[PDB]
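Shown below, as C-alpha cells, is a lone chain in the form deposited in one PDB entry; questions about how it binds or moves come after it.
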C-alpha cells in the first residue's frame, strides 16, 4: 500500500470524507472551463478512446468515465476511494453503461485491476498543480498502462512570476497588529505580535489578480506525466531567473498552472492563468518576508523548492535575490493551509498604470 506509507491517516480520513460530498462534486462539475475542456479533449480525440480500454483514476462522480464512454471506449475501469464510488455506480446503472463502466471502490495504489489499459484519464491537479499530491497516484497508475499508452492530461506546466501588491503585503501587518496593543481588555498582547505576523506569511494566498501586478514574464516548470515517476514529485526544485519588465517592489511570487491533453487528433489545453477565465483553482500567491526592490532590466534569481509532506501537501521554500543589488529575501510556506482571499470584486491594476491622461477620454 504505497499510499498509506506516504500519507498521515488523519489527513487521508478527512481528505476522502471531503470528496464523499455530492456538493463538492457539484462545485467542480459546475466549473464549466474544467468540465468543458475535459469533455472537449476526450471527444475531440475520439480515436484515442474508441474501442479502447480506459482507466479513470479518482472518477468521483464518474463524469470523465462518461466522457470516455461517449468517445466509444470498450471498457472503463473507474477507481474511487471515497464513498462517492457508490454514487458513481448509481449513475453507471442509471445511464445503462454497466457493460462498459466498472466502478472499483478503493485507492488506486491498493485495488486490483484485471488488465492493462490503453489510456489513463484523471483530474488530479490541486492548487499550484501539485497540492493534494494526487498526481503521484496518477503516475502510480501507470503500472496498469500498456507500453506506448497515453495519459490524459499528458503534461502539466507550473508557472512562476514575481508580483507587486502593496495592499496584500500590508494587510498581513494590519491583521497582525491586533496583537500590538498594551491593554486589550486589560491584557498586553504585544509579545505575540511577531508570532502572529509569522503565521500569516506562511499562508499562501488563494485568489485572482490583475495581470499588471506581474513584474516579469513567467518561468515554466514542466512535468511530463508520460515520462515522470512518482519520486519526481516528492521534491520539486524550480530554479528561476526573472528579467524584470517593470521597476518596483517585489512582494512575492504568483503561481498558476496549465495541463495539456495530447491526443492523436489534436492537443487541448486547460489553463488557470490570470489572463484566462477564472477556474476553481484560482491562482496562488506566496509573499516574501521582506519586499525586494528591483529595477527594470535587473534580474531576480532564486529557487522555489516544494517538499512533499504527509498531510497530502507541500512545504514551500522560496529564496530570491536581486543579482544587481544583492537584495535578498526568503519565505517558507505551508500549502496545506492556504488563505482564501477571493471576494468576487474585479481586481484593480497597480497605480499608476495610466500612461495617458484619464481625463482626455
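Take the two forms, find the largest set of C-alpha atoms that superpose within 1.5 Å, and that set is the rigid core. Numbering follows the first chain given and starts at 1.
Rigid core fitted first, then name the stretch among 177-185 and 238-246 whose C-alphas deviate most from the displayed form in 9 other deposited structures of this protein. Farther from the shown form on average in 9 other deposited structures of this protein: 177-185.
Which of the two stretches, 192-200 versus 155-163, has its Cα atoms farther on average from this form in 9 other deposited structures of this protein when everything is superposed by the rigid core? Once the cores are fitted, 192-200 deviates more in 9 other deposited structures of this protein.
**Report entry** Per the entry, higher mean C-alpha B factor between 185-193 and 159-167
**Finding:** Going by the record's values, the stretch with the higher mean is 159-167.
Going by the mean C-alpha B-factor recorded in the entry, which is higher: 287-295 or 252-260?
So the stretch with the higher mean C-alpha B-factor is 287-295.
Q. For the listed 39, 327, 26, 317, which has the peak Cα B-factor recorded in the PDB entry?
A. If I rank 39, 327, 26, 317 by C-alpha B-factor, first place goes to 327.
Return the residue from 223, 206, 216, 78 that has the highest Cα B-factor in the entry. Answer for 223, 206, 216, 78: 216, with the highest C-alpha B-factor.
* Relative to the other modelled residues in the chain, which third contains the C-alpha temperature factor of residue 48: lowest, middle or highest? -> Residue 48: CA B-factor falls in the highest third of its chain.
_Is residue 151 in the lowest, middle or highest third of its chain when residues are ranked by C-alpha B-factor?_
For residue 151, the deposited C-alpha B-factor lands in the middle third.
- Among all modelled residues of this chain, ranked by Cα B factor, put residue 321 in the bottom, middle or top third, i.e. lowest, middle or highest. Its C-alpha B-factor, which the entry lists for residue 321, ranks in the highest third among residues of this chain.
Worksheet entry | Position of residue 106 among the chain's modelled residues by C-alpha B-factor, lowest, middle or highest third | Its C-alpha B-factor, which the entry lists for residue 106, ranks in the middle third among residues of this chain.
Requested in this report: Taking the values exactly as deposited, rank residue 238 by C-alpha B-factor within its chain and report the matching third: lowest, middle or highest.
Outcome: For residue 238, the deposited C-alpha B-factor lands in the middle third.
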